[PDB]
Amino acid sequence: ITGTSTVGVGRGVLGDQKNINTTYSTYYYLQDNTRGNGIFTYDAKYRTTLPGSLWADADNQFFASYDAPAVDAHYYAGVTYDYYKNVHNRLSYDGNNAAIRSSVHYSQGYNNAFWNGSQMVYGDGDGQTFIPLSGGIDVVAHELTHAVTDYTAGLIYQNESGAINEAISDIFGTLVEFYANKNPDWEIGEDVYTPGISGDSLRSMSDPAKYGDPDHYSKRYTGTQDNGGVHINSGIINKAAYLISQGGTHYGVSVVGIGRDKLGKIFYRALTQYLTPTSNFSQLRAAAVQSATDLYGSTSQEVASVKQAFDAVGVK
Ligand SMILES: [Ca+2]
Ligand SMILES: [Ca+2]
Ligand SMILES: [Ca+2]
Ligand SMILES: [Ca+2]
Ligand SMILES: [Zn+2]
């Protein structure tokens, strides 16, 4: 909407206060004009018709319980935008500052979040498996990263290409979490998963097997559930990424860690220059090796570590 840029204040899902960029025209709207062609947050009002209505507030204060998922979807989309622009010189998900749209309060008791081809969508959870999912910065960045993938490599959402798609979202979700630097870890969704259970998460990148996800190609799922295991087999690539960054010895194979920033550079280059809609795990290895070669040189530690990591997870 046309109006003037304003700064509201509110509390997120976890009870933390933050400032948000809003737009004033009669009401204060969750419309951040400071980033690209805007970040827009909508109320789906417990229904499934999208996007719903652009979030309107009378006083620019967002402290109601109902406001919390909107505050976080809006704010964490901003952090994710900043990560891609500042770290990778990428302007929004399409590289041309496309407007970023999110809807919260999607459906009832909805234990998921997704990119629908055009926008991000967040359930409130059922209060048992999840609380409102936009409360996780890794979750918000995971979702926006699906848009980045769709505009770039275009990895088909099934089987190996789909597991790569998933891992890319977990990897960048985690890198954005580290970028914001509030309780960062290599776990996925810990801030919004199972409020009655401390210390767990939806997935682990450091040890995918702790939740039954494979950490080696020999343990891959080849059935038809979950689009051929896209949220399961992602563990194999998540583990490789974790090893590249942090190092470790895994199934007897030692990997020299090169750190998060270089992991991000290598995978961003792979995603945007080398991967295609049908890339499989072996092709991802080749793309990562080539990306590291471009960035650091063929004789570099970075290239050697990429090879080590894929060796460790059984991907040749
Ligand atoms: Ca208000
Ligand atoms: Ca965390
Ligand atoms: Ca996390
Ligand atoms: Ca929990
Ligand atoms: Zn996903």
# chains A, B, ... in the order shown; residues from 1 in each chain; ligands from 1

$ residues_around --residues "range 233-248 of chain A" --least-positions-apart "3" --cutoff "7 Å" --atoms "only C-alpha atoms" --output "ChimeraX atom specification"
/A:163-164,166-167,171,205-208,213-217,220-221,229-230,254-260,263,305-306,309-310,313

$ closest_atom_pairs --of "range 26-90 of chain A" --to "range 128-146 of chain A" --cutoff "10 Å" --atoms "only C-alpha atoms" --output "JSON lines"
{"residue": "A:68", "atom": "CA", "partner": "A:135", "partner_atom": "CA", "distance": 8.2}
{"residue": "A:69", "atom": "CA", "partner": "A:134", "partner_atom": "CA", "distance": 5.7}
{"residue": "A:70", "atom": "CA", "partner": "A:134", "partner_atom": "CA", "distance": 7.7}
{"residue": "A:71", "atom": "CA", "partner": "A:134", "partner_atom": "CA", "distance": 8.7}
{"residue": "A:72", "atom": "CA", "partner": "A:134", "partner_atom": "CA", "distance": 5.7}
{"residue": "A:73", "atom": "CA", "partner": "A:134", "partner_atom": "CA", "distance": 5.0}
{"residue": "A:74", "atom": "CA", "partner": "A:134", "partner_atom": "CA", "distance": 8.7}
{"residue": "A:75", "atom": "CA", "partner": "A:137", "partner_atom": "CA", "distance": 9.1}
{"residue": "A:76", "atom": "CA", "partner": "A:137", "partner_atom": "CA", "distance": 5.8}
{"residue": "A:77", "atom": "CA", "partner": "A:140", "partner_atom": "CA", "distance": 6.5}
{"residue": "A:78", "atom": "CA", "partner": "A:141", "partner_atom": "CA", "distance": 9.8}
{"residue": "A:79", "atom": "CA", "partner": "A:137", "partner_atom": "CA", "distance": 8.5}
{"residue": "A:80", "atom": "CA", "partner": "A:141", "partner_atom": "CA", "distance": 5.7}
{"residue": "A:81", "atom": "CA", "partner": "A:144", "partner_atom": "CA", "distance": 8.8}
{"residue": "A:83", "atom": "CA", "partner": "A:141", "partner_atom": "CA", "distance": 9.5}
{"residue": "A:84", "atom": "CA", "partner": "A:145", "partner_atom": "CA", "distance": 9.6}

$ write_last_selection --atoms "N, CA and C atoms" --output "mmCIF file, in the first residue's frame"
data_model
loop_
_atom_site.group_PDB
_atom_site.id
_atom_site.type_symbol
_atom_site.label_atom_id
_atom_site.label_comp_id
_atom_site.auth_asym_id
_atom_site.auth_seq_id
_atom_site.Cartn_x
_atom_site.Cartn_y
_atom_site.Cartn_z
ATOM 1 N N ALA A 68 1.946 -12.146 17.726
ATOM 2 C CA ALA A 68 3.314 -12.668 17.839
ATOM 3 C C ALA A 68 3.844 -13.403 16.599
ATOM 4 N N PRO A 69 3.033 -14.291 15.984
ATOM 5 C CA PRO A 69 3.570 -14.971 14.797
ATOM 6 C C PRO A 69 3.816 -14.004 13.636
ATOM 7 N N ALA A 70 3.016 -12.945 13.547
ATOM 8 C CA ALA A 70 3.195 -11.962 12.488
ATOM 9 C C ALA A 70 4.472 -11.157 12.704
ATOM 10 N N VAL A 71 4.702 -10.732 13.947
ATOM 11 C CA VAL A 71 5.916 -10.007 14.294
ATOM 12 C C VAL A 71 7.156 -10.795 13.835
ATOM 13 N N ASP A 72 7.209 -12.086 14.159
ATOM 14 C CA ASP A 72 8.383 -12.887 13.846
ATOM 15 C C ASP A 72 8.508 -13.213 12.363
ATOM 16 N N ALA A 73 7.402 -13.529 11.689
ATOM 17 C CA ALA A 73 7.477 -13.770 10.249
ATOM 18 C C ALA A 73 8.043 -12.547 9.533
ATOM 19 N N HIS A 74 7.586 -11.372 9.945
ATOM 20 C CA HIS A 74 7.962 -10.117 9.323
ATOM 21 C C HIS A 74 9.433 -9.811 9.627
ATOM 22 N N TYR A 75 9.797 -9.879 10.902
ATOM 23 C CA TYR A 75 11.149 -9.544 11.325
ATOM 24 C C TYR A 75 12.189 -10.529 10.765
ATOM 25 N N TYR A 76 11.910 -11.827 10.860
ATOM 26 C CA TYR A 76 12.885 -12.812 10.390
ATOM 27 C C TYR A 76 13.001 -12.849 8.865
ATOM 28 N N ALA A 77 11.942 -12.473 8.152
ATOM 29 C CA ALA A 77 12.077 -12.290 6.711
ATOM 30 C C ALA A 77 13.080 -11.173 6.423
ATOM 31 N N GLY A 78 13.048 -10.109 7.227
ATOM 32 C CA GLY A 78 14.007 -9.021 7.096
ATOM 33 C C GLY A 78 15.433 -9.481 7.342
ATOM 34 N N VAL A 79 15.644 -10.276 8.387
ATOM 35 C CA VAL A 79 16.985 -10.788 8.655
ATOM 36 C C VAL A 79 17.480 -11.657 7.503
ATOM 37 N N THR A 80 16.591 -12.482 6.956
ATOM 38 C CA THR A 80 16.953 -13.375 5.862
ATOM 39 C C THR A 80 17.295 -12.581 4.598
ATOM 40 N N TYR A 81 16.495 -11.552 4.307
ATOM 41 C CA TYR A 81 16.788 -10.644 3.211
ATOM 42 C C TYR A 81 18.194 -10.054 3.396
ATOM 43 N N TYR A 83 20.738 -11.197 5.127
ATOM 44 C CA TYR A 83 21.752 -12.223 4.935
ATOM 45 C C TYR A 83 22.060 -12.386 3.446
ATOM 46 N N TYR A 84 21.035 -12.617 2.639
ATOM 47 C CA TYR A 84 21.297 -12.840 1.228
ATOM 48 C C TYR A 84 21.929 -11.623 0.544
#

$ select_by_dssp --residues "range 1-152 of chain A" --states "strand (DSSP E or B)" --output "number ranges by chain"
A: 4-11, 17-25, 27-29, 31-32, 39-43, 53-54, 56-57, 61-62, 100-106, 113-115, 120-123, 130

$ write_last_selection --atoms "N, CA and C atoms" --output "tab-separated table (two decimals), in the first residue's frame"
chain	number	residue	atom	x	y	z
A	4	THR	N	3.59	5.99	4.47
A	4	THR	CA	4.91	6.43	4.91
A	4	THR	C	5.52	5.37	5.82
A	5	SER	N	6.82	5.19	5.70
A	5	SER	CA	7.53	4.19	6.47
A	5	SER	C	7.61	4.55	7.95
A	6	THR	N	7.28	3.58	8.79
A	6	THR	CA	7.18	3.78	10.22
A	6	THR	C	7.90	2.63	10.94
A	7	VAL	N	8.06	2.76	12.25
A	7	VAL	CA	8.72	1.72	13.04
A	7	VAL	C	7.83	1.37	14.21
A	8	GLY	N	7.29	0.16	14.18
A	8	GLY	CA	6.48	-0.34	15.28
A	8	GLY	C	7.31	-1.16	16.24
A	9	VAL	N	6.68	-1.58	17.33
A	9	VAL	CA	7.36	-2.40	18.31
A	9	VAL	C	6.39	-3.48	18.77
A	10	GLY	N	6.91	-4.66	19.05
A	10	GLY	CA	6.07	-5.75	19.47
A	10	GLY	C	6.84	-6.87	20.11
A	11	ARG	N	6.15	-7.96	20.39
A	11	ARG	CA	6.78	-9.15	20.95
A	11	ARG	C	6.55	-10.34	20.03
A	17	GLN	N	11.01	-8.76	22.72
A	17	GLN	CA	10.59	-7.50	22.11
A	17	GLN	C	11.48	-7.15	20.93
A	18	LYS	N	10.88	-6.70	19.84
A	18	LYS	CA	11.68	-6.24	18.70
A	18	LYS	C	10.96	-5.11	17.98
A	19	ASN	N	11.74	-4.30	17.27
A	19	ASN	CA	11.18	-3.27	16.39
A	19	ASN	C	10.89	-3.88	15.03
A	20	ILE	N	9.82	-3.42	14.40
A	20	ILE	CA	9.46	-3.87	13.06
A	20	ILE	C	9.20	-2.69	12.15
A	21	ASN	N	9.55	-2.85	10.87
A	21	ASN	CA	9.28	-1.84	9.87
A	21	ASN	C	7.86	-1.95	9.35
A	22	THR	N	7.11	-0.87	9.51
A	22	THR	CA	5.71	-0.85	9.13
A	22	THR	C	5.45	0.30	8.15
A	23	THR	N	4.20	0.41	7.69
A	23	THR	CA	3.78	1.47	6.79
A	23	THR	C	2.49	2.06	7.30
A	24	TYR	N	2.43	3.39	7.42
A	24	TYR	CA	1.24	4.04	7.91
A	24	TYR	C	0.42	4.65	6.79
A	25	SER	N	-0.85	4.27	6.75
A	25	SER	CA	-1.87	4.92	5.94
A	25	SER	C	-3.20	4.52	6.55
A	27	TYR	N	-4.18	2.87	8.93
A	27	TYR	CA	-3.67	1.84	9.81
A	27	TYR	C	-2.16	1.72	9.65
A	28	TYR	N	-1.53	1.04	10.60
A	28	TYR	CA	-0.14	0.63	10.47
A	28	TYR	C	-0.12	-0.79	9.93
A	29	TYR	N	0.51	-0.98	8.78
A	29	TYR	CA	0.54	-2.28	8.11
A	29	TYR	C	1.90	-2.92	8.27
A	31	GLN	N	4.30	-3.86	6.49
A	31	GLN	CA	4.88	-3.62	5.18
A	31	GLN	C	6.18	-2.87	5.44
A	32	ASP	N	7.29	-3.55	5.20
A	32	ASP	CA	8.63	-3.02	5.41
A	32	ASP	C	9.15	-2.50	4.08
A	39	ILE	N	8.69	-6.07	2.17
A	39	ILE	CA	8.35	-7.31	2.86
A	39	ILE	C	6.95	-7.08	3.43
A	40	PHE	N	6.04	-8.00	3.10
A	40	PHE	CA	4.61	-7.86	3.40
A	40	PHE	C	4.15	-9.08	4.19
A	41	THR	N	3.49	-8.86	5.32
A	41	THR	CA	3.00	-9.95	6.14
A	41	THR	C	1.48	-9.88	6.28
A	42	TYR	N	0.83	-11.02	6.11
A	42	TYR	CA	-0.62	-11.13	5.98
A	42	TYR	C	-1.21	-12.02	7.07
A	43	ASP	N	-2.48	-11.78	7.38
A	43	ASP	CA	-3.26	-12.59	8.31
A	43	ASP	C	-4.13	-13.56	7.53
A	53	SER	N	-5.40	-11.11	4.42
A	53	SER	CA	-5.37	-9.65	4.38
A	53	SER	C	-4.06	-9.09	4.93
A	54	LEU	N	-3.53	-8.07	4.25
A	54	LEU	CA	-2.31	-7.42	4.69
A	54	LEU	C	-2.48	-7.00	6.15
A	56	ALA	N	-3.01	-5.35	9.40
A	56	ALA	CA	-3.33	-3.98	9.78
A	56	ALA	C	-3.44	-3.88	11.30
A	57	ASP	N	-2.89	-2.81	11.85
A	57	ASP	CA	-2.89	-2.59	13.29
A	57	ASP	C	-3.15	-1.11	13.58
A	61	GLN	N	1.70	-0.96	17.76
A	61	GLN	CA	2.21	-1.77	18.86
A	61	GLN	C	1.69	-3.18	18.68
A	62	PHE	N	2.58	-4.16	18.75
A	62	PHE	CA	2.23	-5.54	18.40
A	62	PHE	C	2.54	-6.49	19.54
A	100	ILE	N	8.56	-9.74	-0.87
A	100	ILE	CA	8.51	-10.96	-0.07
A	100	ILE	C	7.23	-10.98	0.74
A	101	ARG	N	6.40	-12.00	0.53
A	101	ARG	CA	5.09	-12.08	1.17
A	101	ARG	C	5.00	-13.33	2.05
A	102	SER	N	4.45	-13.16	3.25
A	102	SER	CA	4.22	-14.26	4.19
A	102	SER	C	2.82	-14.16	4.76
A	103	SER	N	2.18	-15.30	4.99
A	103	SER	CA	0.93	-15.34	5.74
A	103	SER	C	1.12	-16.17	7.00
A	104	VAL	N	0.55	-15.68	8.10
A	104	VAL	CA	0.56	-16.40	9.37
A	104	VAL	C	-0.87	-16.74	9.79
A	105	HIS	N	-1.00	-17.52	10.85
A	105	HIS	CA	-2.29	-18.06	11.27
A	105	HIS	C	-2.95	-18.84	10.14
A	106	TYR	N	-2.14	-19.60	9.40
A	106	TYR	CA	-2.69	-20.47	8.35
A	106	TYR	C	-3.35	-21.71	8.95
A	113	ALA	N	5.03	-25.35	7.78
A	113	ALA	CA	5.21	-24.07	7.10
A	113	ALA	C	5.71	-24.43	5.71
A	114	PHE	N	5.48	-23.56	4.73
A	114	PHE	CA	5.86	-23.90	3.36
A	114	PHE	C	5.95	-22.67	2.48
A	115	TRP	N	6.59	-22.85	1.33
A	115	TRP	CA	6.58	-21.89	0.24
A	115	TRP	C	5.61	-22.46	-0.80
A	120	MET	N	5.49	-17.31	1.44
A	120	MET	CA	5.66	-18.15	2.62
A	120	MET	C	4.36	-18.27	3.40
A	121	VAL	N	4.17	-19.42	4.04
A	121	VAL	CA	2.94	-19.73	4.76
A	121	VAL	C	3.32	-20.42	6.07
A	122	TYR	N	2.78	-19.94	7.19
A	122	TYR	CA	3.12	-20.48	8.51
A	122	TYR	C	1.89	-20.92	9.29
A	123	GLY	N	1.87	-22.18	9.70
A	123	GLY	CA	0.89	-22.63	10.67
A	123	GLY	C	1.18	-22.11	12.06
A	130	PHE	N	4.24	-28.33	17.55
A	130	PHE	CA	4.81	-27.02	17.26
A	130	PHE	C	4.03	-25.92	17.96

$ closest_atom_pairs --of "chain A" --to "ligand 2" --cutoff "8 Å" --atoms "only C-alpha atoms and all ligand atoms" --output "Markdown table"
| residue | atom | partner | partner_atom_place_in_ligand_line | distance |
| --- | --- | --- | --- | --- |
| A:136 | CA | ligand 2 | 1 (Ca) | 8.0 |
| A:138 | CA | ligand 2 | 1 (Ca) | 7.7 |
| A:177 | CA | ligand 2 | 1 (Ca) | 6.8 |
| A:182 | CA | ligand 2 | 1 (Ca) | 6.8 |
| A:183 | CA | ligand 2 | 1 (Ca) | 4.5 |
| A:184 | CA | ligand 2 | 1 (Ca) | 4.1 |
| A:185 | CA | ligand 2 | 1 (Ca) | 4.9 |
| A:186 | CA | ligand 2 | 1 (Ca) | 7.6 |
| A:187 | CA | ligand 2 | 1 (Ca) | 6.9 |
| A:188 | CA | ligand 2 | 1 (Ca) | 7.8 |
| A:189 | CA | ligand 2 | 1 (Ca) | 7.7 |
| A:190 | CA | ligand 2 | 1 (Ca) | 6.2 |
| A:191 | CA | ligand 2 | 1 (Ca) | 6.3 |

$ write_last_selection --atoms "N, CA and C atoms" --output "CSV table (one decimal), in the first residue's frame"
chain,number,residue,atom,x,y,z
A,136,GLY,N,10.8,-19.5,14.7
A,136,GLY,CA,12.1,-20.0,14.5
A,136,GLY,C,12.8,-19.3,13.3
A,138,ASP,N,15.5,-20.1,11.9
A,138,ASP,CA,15.9,-21.1,10.9
A,138,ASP,C,14.8,-21.6,10.1
A,177,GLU,N,20.5,-18.3,10.9
A,177,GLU,CA,20.5,-18.3,12.4
A,177,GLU,C,21.8,-17.9,13.0
A,182,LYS,N,21.7,-15.4,17.7
A,182,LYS,CA,21.0,-15.6,18.9
A,182,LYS,C,20.8,-17.1,19.1
A,183,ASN,N,21.4,-17.7,20.1
A,183,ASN,CA,21.4,-19.1,20.4
A,183,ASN,C,21.6,-20.0,19.1
A,184,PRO,N,22.6,-19.7,18.3
A,184,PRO,CA,22.7,-20.4,17.1
A,184,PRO,C,23.2,-21.9,17.3
A,185,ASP,N,22.8,-22.8,16.4
A,185,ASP,CA,23.2,-24.2,16.5
A,185,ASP,C,23.0,-24.8,15.2
A,186,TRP,N,23.3,-26.1,15.1
A,186,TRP,CA,23.2,-26.9,13.8
A,186,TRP,C,22.0,-27.8,13.9
A,187,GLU,N,21.0,-27.4,14.7
A,187,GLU,CA,19.7,-28.1,14.8
A,187,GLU,C,18.6,-27.3,14.0
A,188,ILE,N,17.6,-28.0,13.6
A,188,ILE,CA,16.5,-27.3,12.8
A,188,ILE,C,15.2,-27.3,13.6
A,189,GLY,N,14.7,-26.0,13.8
A,189,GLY,CA,13.4,-25.9,14.4
A,189,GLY,C,13.3,-26.0,15.9
A,190,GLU,N,14.4,-26.0,16.6
A,190,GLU,CA,14.4,-26.2,18.1
A,190,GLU,C,13.6,-25.1,18.8
A,191,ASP,N,13.5,-23.9,18.3
A,191,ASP,CA,12.8,-22.8,19.0
A,191,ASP,C,11.3,-23.0,19.0

$ select_by_dssp --residues "range 28-258 of chain A" --states "helix (DSSP H, G or I)" --output "VMD selection string"
chain A and resid 65 to 88 133 to 135 137 to 151 159 to 180 208 to 211 217 to 219 225 to 229 234 to 246

$ residues_near_ligand --ligand "ligand 4" --cutoff "8 Å" --atoms "only C-alpha atoms and all ligand atoms" --output "list in words"
residues 190, 191, 192, 193, 194, 195, 196, 197, 198, 199, 200 and 201 of chain A

$ closest_residue --among "A:14, A:156, A:180, A:266" --to "ligand 3" --atoms "only C-alpha atoms and all ligand atoms"
A:180
